[PDB]
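One structure below.
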Amino acid sequence: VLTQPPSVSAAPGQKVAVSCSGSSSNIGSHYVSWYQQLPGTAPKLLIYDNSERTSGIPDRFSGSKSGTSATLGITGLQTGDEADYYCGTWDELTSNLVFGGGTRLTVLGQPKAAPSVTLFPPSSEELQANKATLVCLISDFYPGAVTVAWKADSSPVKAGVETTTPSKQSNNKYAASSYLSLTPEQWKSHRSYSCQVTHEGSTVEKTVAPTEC
Amino acid sequence: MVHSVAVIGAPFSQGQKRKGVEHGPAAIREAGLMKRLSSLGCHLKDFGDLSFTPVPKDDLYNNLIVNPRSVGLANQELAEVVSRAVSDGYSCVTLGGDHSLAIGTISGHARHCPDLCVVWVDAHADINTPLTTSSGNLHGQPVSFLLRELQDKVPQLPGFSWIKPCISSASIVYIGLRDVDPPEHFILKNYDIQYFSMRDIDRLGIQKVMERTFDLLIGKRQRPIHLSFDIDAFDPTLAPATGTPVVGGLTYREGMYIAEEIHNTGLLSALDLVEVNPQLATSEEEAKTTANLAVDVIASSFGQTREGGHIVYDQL
Amino acid sequence: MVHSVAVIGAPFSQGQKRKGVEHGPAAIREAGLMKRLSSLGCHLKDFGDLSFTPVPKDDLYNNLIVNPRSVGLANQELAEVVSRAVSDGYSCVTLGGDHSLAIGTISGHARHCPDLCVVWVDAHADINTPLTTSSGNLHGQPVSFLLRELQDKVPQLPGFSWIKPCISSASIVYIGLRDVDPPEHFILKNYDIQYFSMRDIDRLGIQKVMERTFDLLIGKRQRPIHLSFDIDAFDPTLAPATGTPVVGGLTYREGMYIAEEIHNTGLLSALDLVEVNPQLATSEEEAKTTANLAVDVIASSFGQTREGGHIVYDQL
Amino acid sequence: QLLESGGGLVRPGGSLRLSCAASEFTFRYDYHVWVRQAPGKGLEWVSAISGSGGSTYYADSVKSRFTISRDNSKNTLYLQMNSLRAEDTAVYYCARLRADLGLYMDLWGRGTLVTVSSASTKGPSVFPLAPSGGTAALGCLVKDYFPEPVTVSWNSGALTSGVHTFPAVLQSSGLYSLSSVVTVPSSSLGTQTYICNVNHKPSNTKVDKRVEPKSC
Ligand SMILES: [Mn+2]
Ligand SMILES: [Mn+2]
Ligand SMILES: [Mn+2]
Ligand SMILES: [Mn+2]
């Protein structure tokens, strides 16, 4: 019911403002809290009554409300800050607590390693069983954000596509996978298939054919 | 008409940080209140805890943050329950949340006892007017709806048009003040309300205080007595579990003395014990010890003593 | 000349176990001292904390363990800063470390006010001579450099040849003694210095004490008053964060009373608050509560009250 | 601290019961809520209860199926979940609810997982990813296994350097697939054996798979 933009960016030492838009029945009329979702943890309270810090939180954090909107300033950006930030208040039309959808703030203190991509064709075993899977393995990329396009010769494919969300690796770089399901006949009828991976606006595209090795 | 004893729970507050005050009656009930009173040979009648439901929106948020109209209107229901209880010949004990309930219990009493007087034991004077403190202070603001000289400076909040000022400035004595706003300070002075601040107790003594107090209340005629004891009157080391703990307050000894004295007039008609808030305690010990103190006050006011009582003609 | 108020930090000590006493001014500054005073309608002038650097070796070890010459000489710089502050029409508050600063602040005062008298609030008499206690005790030994009858028994330590005894035995009254060495005990007796020990307060009362005190100081003529309040005068439950906590001391009530009384003469010229040592606290709470108490003392001495003050003519 | 539990895999139409064990003795004096987080979506407040359990409030999303309760004697909050769907699949979190100028949640728990998937338990079809930069990457595809996890070794952990196993994809069906991959030098292929041993302990399913289809 509250709108906050989805993502934010900076290098350690800089500063941002996450904005929270709502209405009359909530922000125009009620107080706003700010909660930090450290990845893979339950969220923690940062700010109530629009700007009231909680203990041990540094003054780097600042909140502010004006009529129908609110905003979380964060300065002197640090690693271990990067996480999901949600605004929250009470809406007096529906009689509930509401949150924003969240904003993911990544702190880029590591270099833009584009992804290493390995693409495998369908196995003998699988084709023998009347099935076909193409496997696209994406690794050692930074930051942890990518977008995937499969293409049968020159035509785009979105049907039978399963893509994982990026994950962190041993080295604090990221790894993802994408799977294309075909009939054996679709696999054998096309000259080639290609997984096209785009990272920070730049593409990597690996290609396989039914002709062996 | 103080022949027996009525116990009435009134868990009222405005919410916000001081919302654990609504849990006070249970805490005192859980300090073994009724045993004591029963074992002080009193015929007791337990009238239970009152419904406290906000007006006119009983959704979640209002429960956490209550509006003034909701309190004023829960006091009306209280004055009625106090009134009937007096009418049937009982002494009223009202276990409280915030000191605002005093509005409903004094209004109730006044009704069947219009010559009553008041001893307000408290660190505060709770005598701000609606235009002198914030929306939030209604607990620290209830005496300007009862006093009859303040109505020129007191506006008609909805929920409060039933309140009919049932005390003159010369019928209330304060014991134990140490935290008084300038607005309050001027009122005390300007309308010649007598009071004994922690300074006057350092000087005079709790003995001479009570002496001077009774002379000013019941000195030339017997009246029914309304003890509105606020728990933050006791020094915070004795009573830690409360919303506005102010340092330098009554010792245990001073507080029982006051109770002991009120009982000894045998004129006590109704008693309020308020601002007991267990959410604010450092431990269960602290919550428990505060309510234990609150059970002693009442017990004393109703005949408990530190040197014996009761009946015996012992065997061999 | 006490028309406005000066705040001077003097973080002095001899080191060893009691070296967190140099951190006292910050602790009190951090108890919101200046707010209170500002919000007591006082024109304030914050003269900062003084340099305290050992003489003549400012290497590490001396900082941890300081020599007497270093204190005597930092008091000279203090008397000068006190002197000028009085000369420009201010009441001196000196936030302290150890009670030795009293040497520089009384010497400073005396200088522009030679008819001054002293109220020494303290569990100790701090009146040993250099030959009656250890090198370490200079905090518990400062009154034998000021009194003018002790110079026959007081030797010339380097750093101390500037001190010019500015008080007779009949110008100082002690309140609150409970820990007095035989050397001290004899001196009090032998030179007829009047004092009110915790025993005399149990007997007389803080009310009668202050009555008797003023008669002996300002009874037949008005003089400027120098309150040297030592924090270990308060019973340790109230003031735990201090170097020599002695049990059986002033209640909060007694202590504010003393302050309240000094203010009420409107003669107070300079005030010392000393022996606040946060390193010695069981917690941050204990450190904080000790400094909170110390802010109350000053506040009271400069017009704070437990029953109201200030100005209002309220609206409707 | 707050600590939730008794999450797990429940079949659609299914029931389940959460606990939240609070530490504070002031737990009984304070509203607590339940907020859930659908996997990588935002936060949705689900239910809230009063210090005494005289008042319960529910979200339209979960009303009449879910029932919030507490036992102050046991310092525990409960959530009874009935008629569970895919769309209830979320981490569920207890929290303390308190008031000041407005309302804030100041104390929270670690969470507990509820997965509500139609899919029944099974083992996977394993298929080799043969090889065709001087080094080569070869692997095994672990296809349609329910539920998680699969535990994978190449030459029983003896092959360790250069082994890369991805996080599995949760398919539209509710069935998982993951890819296993090791990087080796091209000289090495013929002389030494390549097997990805695989384990689906749930199904007590173990598959050893040989990777030689380079055909060159
Ligand atoms: Mn009070
Ligand atoms: Mn009160
Ligand atoms: Mn001392
Ligand atoms: Mn001293």
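Order determines the names: the first chain of the structure tokens is A, the second B, and so forth; residues in each chain are numbered 1 upward, and ligands are numbered 1 upward as they are shown.
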Near chain C, meaning an atom within 6 Å, which residues of chain B appear when counting only C-alpha atoms? Write them as an NGL selection string.
:B and (153 or 178 or 180 or 182 or 185 or 203 or 248)
Go ahead and dump the residues you just picked, N, CA, C and O atoms, as a PDB file, in the first residue's frame.
```
ATOM      1  N   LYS B 153     -11.777  28.156  33.577  1.00  0.00           N
ATOM      2  CA  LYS B 153     -10.571  27.903  32.740  1.00  0.00           C
ATOM      3  C   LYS B 153     -10.586  26.488  32.116  1.00  0.00           C
ATOM      4  O   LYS B 153      -9.476  26.018  31.651  1.00  0.00           O
ATOM      5  N   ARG B 178       6.779  16.928  44.666  1.00  0.00           N
ATOM      6  CA  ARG B 178       8.199  17.212  44.306  1.00  0.00           C
ATOM      7  C   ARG B 178       8.376  17.479  42.804  1.00  0.00           C
ATOM      8  O   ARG B 178       9.521  17.848  42.390  1.00  0.00           O
ATOM      9  N   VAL B 180       6.177  19.559  40.009  1.00  0.00           N
ATOM     10  CA  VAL B 180       4.972  20.426  39.879  1.00  0.00           C
ATOM     11  C   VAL B 180       5.317  21.365  38.745  1.00  0.00           C
ATOM     12  O   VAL B 180       6.373  22.030  38.901  1.00  0.00           O
ATOM     13  N   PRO B 182       5.034  24.850  36.413  1.00  0.00           N
ATOM     14  CA  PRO B 182       4.617  26.223  36.688  1.00  0.00           C
ATOM     15  C   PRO B 182       3.091  26.468  36.616  1.00  0.00           C
ATOM     16  O   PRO B 182       2.534  27.172  37.475  1.00  0.00           O
ATOM     17  N   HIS B 185       1.773  25.082  39.686  1.00  0.00           N
ATOM     18  CA  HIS B 185       2.309  25.812  40.855  1.00  0.00           C
ATOM     19  C   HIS B 185       1.466  27.058  41.075  1.00  0.00           C
ATOM     20  O   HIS B 185       1.036  27.305  42.185  1.00  0.00           O
ATOM     21  N   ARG B 203      10.790  19.279  56.868  1.00  0.00           N
ATOM     22  CA  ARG B 203      10.673  20.319  57.921  1.00  0.00           C
ATOM     23  C   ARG B 203       9.720  19.874  59.023  1.00  0.00           C
ATOM     24  O   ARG B 203      10.117  19.841  60.191  1.00  0.00           O
ATOM     25  N   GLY B 248      13.332  11.207  45.816  1.00  0.00           N
ATOM     26  CA  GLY B 248      13.181  12.004  47.049  1.00  0.00           C
ATOM     27  C   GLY B 248      11.818  11.834  47.696  1.00  0.00           C
ATOM     28  O   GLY B 248      11.279  12.767  48.161  1.00  0.00           O
TER      29      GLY B 248
END
```
Select the residues contacting ligand 4 at a distance of at most 12 Å, based on only C-alpha atoms and all ligand atoms, then format the selection as a ChimeraX atom specification.
/C:96-103,119-128,137-143,174-180,227-234,242-246,272-276
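Minimum atom-to-atom distance to chain B, evaluated using only C-alpha atoms, belongs to A:92 out of A:92, A:44, A:106, A:51.
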The distance between atom CA of residue 191 of chain A and atom CA of residue 132 of chain A is 15.4 Å
Straight-line distance linking atom CA of residue 70 of chain D with atom CA of residue 27 of chain B, stated in Å to one decimal:
18.8 Å
Select, as a PyMOL selection string, those residues of chain B with any atom no more than 9 Å from chain D (distances computed using only C-alpha atoms).
chain B and resi 15-20+22-23+59-61+64-65+278-281+283-284
Put those residues in a file: C-alpha atoms, as a PDB file, in the first residue's frame.
```pdb
ATOM      1  CA  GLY B  15      -1.858   4.015  25.924  1.00  0.00           C
ATOM      2  CA  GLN B  16       1.551   5.067  24.454  1.00  0.00           C
ATOM      3  CA  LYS B  17       4.591   4.281  26.684  1.00  0.00           C
ATOM      4  CA  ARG B  18       2.367   4.040  29.861  1.00  0.00           C
ATOM      5  CA  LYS B  19      -0.016   1.234  28.737  1.00  0.00           C
ATOM      6  CA  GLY B  20       1.174  -1.488  31.191  1.00  0.00           C
ATOM      7  CA  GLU B  22      -3.854  -1.238  32.654  1.00  0.00           C
ATOM      8  CA  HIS B  23      -2.375  -4.403  34.119  1.00  0.00           C
ATOM      9  CA  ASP B  59      -9.718  -1.102  16.073  1.00  0.00           C
ATOM     10  CA  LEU B  60      -6.161  -2.125  17.251  1.00  0.00           C
ATOM     11  CA  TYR B  61      -4.412   1.291  16.885  1.00  0.00           C
ATOM     12  CA  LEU B  64      -2.653   1.166  21.731  1.00  0.00           C
ATOM     13  CA  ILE B  65      -3.291   4.914  21.544  1.00  0.00           C
ATOM     14  CA  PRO B 278       4.475  -3.648  35.837  1.00  0.00           C
ATOM     15  CA  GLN B 279       5.766  -3.250  32.219  1.00  0.00           C
ATOM     16  CA  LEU B 280       8.138  -0.560  33.586  1.00  0.00           C
ATOM     17  CA  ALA B 281       9.852  -2.834  36.207  1.00  0.00           C
ATOM     18  CA  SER B 283      12.358  -7.521  36.991  1.00  0.00           C
ATOM     19  CA  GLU B 284       9.419  -9.581  38.308  1.00  0.00           C
TER      20      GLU B 284
END
```
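For segment 215-259 of chain B, backbone-based DSSP labels the following residues as strand (DSSP E or B): residues 225, 226, 227, 228, 229, 230, 234 and 250 of chain B.
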The distance between atom CA of residue 217 of chain C and atom CA of residue 261 of chain C is 13.4 Å
Of the candidates A:33, A:78, A:55, A:66, which one gets nearest to chain D if we count only C-alpha atoms?
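The answer is A:33, which sits nearest to chain D.
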Please, which residues of chain D lie no more than 9 Å from chain A when the count uses only C-alpha atoms, and can they be set out as a short mmCIF file (atom, residue, chain, number, x, y, z; two decimals) with C-alpha atoms, in the first residue's frame?
```cif
data_model
loop_
_atom_site.label_atom_id
_atom_site.label_comp_id
_atom_site.auth_asym_id
_atom_site.auth_seq_id
_atom_site.Cartn_x
_atom_site.Cartn_y
_atom_site.Cartn_z
CA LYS D 41 8.68 -10.62 -1.66
CA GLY D 42 8.01 -8.05 1.11
CA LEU D 43 6.54 -8.21 4.64
CA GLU D 44 2.78 -8.79 5.27
CA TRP D 45 1.38 -8.40 8.81
CA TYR D 57 -6.95 -8.86 14.94
CA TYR D 58 -6.41 -10.71 11.62
CA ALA D 59 -5.43 -9.68 8.02
CA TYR D 93 8.07 -13.97 12.44
CA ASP D 100 4.69 6.07 21.56
CA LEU D 101 3.81 8.94 19.13
CA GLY D 102 2.90 6.03 16.79
CA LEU D 103 3.27 2.26 16.63
CA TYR D 104 6.58 0.36 16.14
CA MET D 105 7.76 -3.33 16.47
CA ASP D 106 10.90 -3.26 18.66
CA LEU D 107 11.57 -6.93 19.39
CA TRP D 108 11.65 -9.68 16.65
CA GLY D 109 12.51 -13.38 16.11
CA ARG D 110 14.82 -15.35 13.74
CA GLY D 111 11.82 -16.76 11.75
CA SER D 125 17.09 -38.69 -12.40
CA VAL D 126 20.89 -38.03 -12.60
CA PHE D 127 22.41 -37.33 -16.08
CA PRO D 128 26.10 -36.60 -16.87
CA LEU D 129 27.22 -33.22 -18.35
CA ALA D 130 30.08 -34.51 -20.60
CA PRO D 131 32.81 -32.07 -21.73
CA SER D 132 33.18 -31.13 -25.47
CA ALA D 137 34.26 -28.28 -17.03
CA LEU D 138 32.27 -31.60 -16.71
CA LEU D 141 22.42 -32.70 -13.77
CA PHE D 166 24.85 -24.38 -7.81
CA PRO D 167 21.80 -23.52 -5.71
CA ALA D 168 18.89 -25.60 -7.12
CA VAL D 169 15.96 -24.04 -9.02
CA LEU D 170 12.47 -24.53 -7.59
CA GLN D 171 10.47 -25.38 -10.79
CA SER D 172 6.85 -24.14 -11.49
CA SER D 177 16.71 -29.45 -10.14
CA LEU D 178 20.40 -28.51 -9.57
CA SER D 179 23.66 -28.70 -11.61
CA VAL D 181 30.31 -29.00 -12.19
CA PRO D 213 30.65 -38.90 -23.35
CA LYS D 214 33.21 -36.38 -24.87
CA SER D 215 33.22 -38.58 -28.09
CA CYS D 216 36.60 -37.16 -29.38
#
```
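The list of residues with at least one atom within 12 Å of residue 83 of chain B, based on only C-alpha atoms and without residues fewer than 3 positions apart in the same chain, reads residues 1, 6, 8, 75, 76, 77, 78, 79, 80, 86, 87, 88, 89, 90, 91, 92, 104, 105, 106, 107, 108, 109, 110, 111, 112, 113, 114, 269 and 270 of chain B.
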What are the DSSP helix (DSSP H, G or I) residues of segment 43-211 of chain D, as an MDAnalysis selection string?
chainID D and resid 72:74 86:88 186:189 201:203
Excluding residue 49 of chain C and residues on its chain fewer than 6 positions from it, collect all residues at most 8 Å away from it, counting only C-alpha atoms, and give them as a PyMOL selection string.
chain C and resi 8-11+25
Segment 12-21 of chain A surroundings by only C-alpha atoms, 7 Å radius, close-in-sequence under 3 positions cut, as a ChimeraX atom specification
/A:2-4,68-79,87,107,109
Same residues, N, CA and C atoms, output as a PDB file, in the first residue's frame:
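Final file, result_18.pdb:
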```pdb
ATOM      1  N   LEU A   2       2.047   1.135   0.665  1.00  0.00           N
ATOM      2  CA  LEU A   2       3.148   2.132   0.635  1.00  0.00           C
ATOM      3  C   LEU A   2       4.102   1.822  -0.529  1.00  0.00           C
ATOM      4  N   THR A   3       4.542   2.855  -1.245  1.00  0.00           N
ATOM      5  CA  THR A   3       5.474   2.693  -2.385  1.00  0.00           C
ATOM      6  C   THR A   3       6.843   3.203  -1.959  1.00  0.00           C
ATOM      7  N   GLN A   4       7.823   2.321  -2.044  1.00  0.00           N
ATOM      8  CA  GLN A   4       9.243   2.718  -1.985  1.00  0.00           C
ATOM      9  C   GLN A   4       9.937   2.069  -3.179  1.00  0.00           C
ATOM     10  N   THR A  68       2.437  13.368   2.958  1.00  0.00           N
ATOM     11  CA  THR A  68       2.031  12.029   2.424  1.00  0.00           C
ATOM     12  C   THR A  68       3.274  11.176   2.126  1.00  0.00           C
ATOM     13  N   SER A  69       4.454  11.563   2.610  1.00  0.00           N
ATOM     14  CA  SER A  69       5.722  10.869   2.271  1.00  0.00           C
ATOM     15  C   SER A  69       6.744  10.859   3.415  1.00  0.00           C
ATOM     16  N   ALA A  70       7.692   9.922   3.335  1.00  0.00           N
ATOM     17  CA  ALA A  70       8.807   9.700   4.288  1.00  0.00           C
ATOM     18  C   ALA A  70      10.067   9.193   3.551  1.00  0.00           C
ATOM     19  N   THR A  71      11.218   9.254   4.242  1.00  0.00           N
ATOM     20  CA  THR A  71      12.576   9.203   3.656  1.00  0.00           C
ATOM     21  C   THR A  71      13.623   8.844   4.711  1.00  0.00           C
ATOM     22  N   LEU A  72      14.421   7.827   4.431  1.00  0.00           N
ATOM     23  CA  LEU A  72      15.475   7.344   5.351  1.00  0.00           C
ATOM     24  C   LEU A  72      16.826   7.740   4.769  1.00  0.00           C
ATOM     25  N   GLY A  73      17.460   8.782   5.301  1.00  0.00           N
ATOM     26  CA  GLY A  73      18.849   9.141   4.978  1.00  0.00           C
ATOM     27  C   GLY A  73      19.809   8.176   5.646  1.00  0.00           C
ATOM     28  N   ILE A  74      20.847   7.737   4.916  1.00  0.00           N
ATOM     29  CA  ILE A  74      21.994   6.932   5.450  1.00  0.00           C
ATOM     30  C   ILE A  74      23.319   7.437   4.855  1.00  0.00           C
ATOM     31  N   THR A  75      24.218   7.966   5.691  1.00  0.00           N
ATOM     32  CA  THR A  75      25.512   8.566   5.278  1.00  0.00           C
ATOM     33  C   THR A  75      26.672   7.656   5.686  1.00  0.00           C
ATOM     34  N   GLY A  76      27.869   8.009   5.183  1.00  0.00           N
ATOM     35  CA  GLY A  76      29.137   7.324   5.461  1.00  0.00           C
ATOM     36  C   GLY A  76      28.941   5.846   5.245  1.00  0.00           C
ATOM     37  N   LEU A  77      28.497   5.467   4.040  1.00  0.00           N
ATOM     38  CA  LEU A  77      28.060   4.088   3.688  1.00  0.00           C
ATOM     39  C   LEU A  77      29.165   3.080   3.991  1.00  0.00           C
ATOM     40  N   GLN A  78      28.779   1.920   4.475  1.00  0.00           N
ATOM     41  CA  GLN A  78      29.741   0.925   4.981  1.00  0.00           C
ATOM     42  C   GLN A  78      29.327  -0.441   4.455  1.00  0.00           C
ATOM     43  N   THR A  79      30.254  -1.389   4.450  1.00  0.00           N
ATOM     44  CA  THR A  79      29.884  -2.800   4.185  1.00  0.00           C
ATOM     45  C   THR A  79      29.188  -3.331   5.437  1.00  0.00           C
ATOM     46  N   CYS A  87       9.587   0.628   4.972  1.00  0.00           N
ATOM     47  CA  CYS A  87       8.872   1.632   5.777  1.00  0.00           C
ATOM     48  C   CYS A  87       7.593   0.983   6.291  1.00  0.00           C
ATOM     49  N   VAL A 107      25.991  -2.194  -1.427  1.00  0.00           N
ATOM     50  CA  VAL A 107      27.188  -1.314  -1.276  1.00  0.00           C
ATOM     51  C   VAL A 107      28.304  -1.940  -2.125  1.00  0.00           C
ATOM     52  N   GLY A 109      31.701  -2.284  -2.887  1.00  0.00           N
ATOM     53  CA  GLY A 109      33.114  -2.220  -2.456  1.00  0.00           C
ATOM     54  C   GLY A 109      33.969  -3.285  -3.151  1.00  0.00           C
TER      55      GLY A 109
END
```
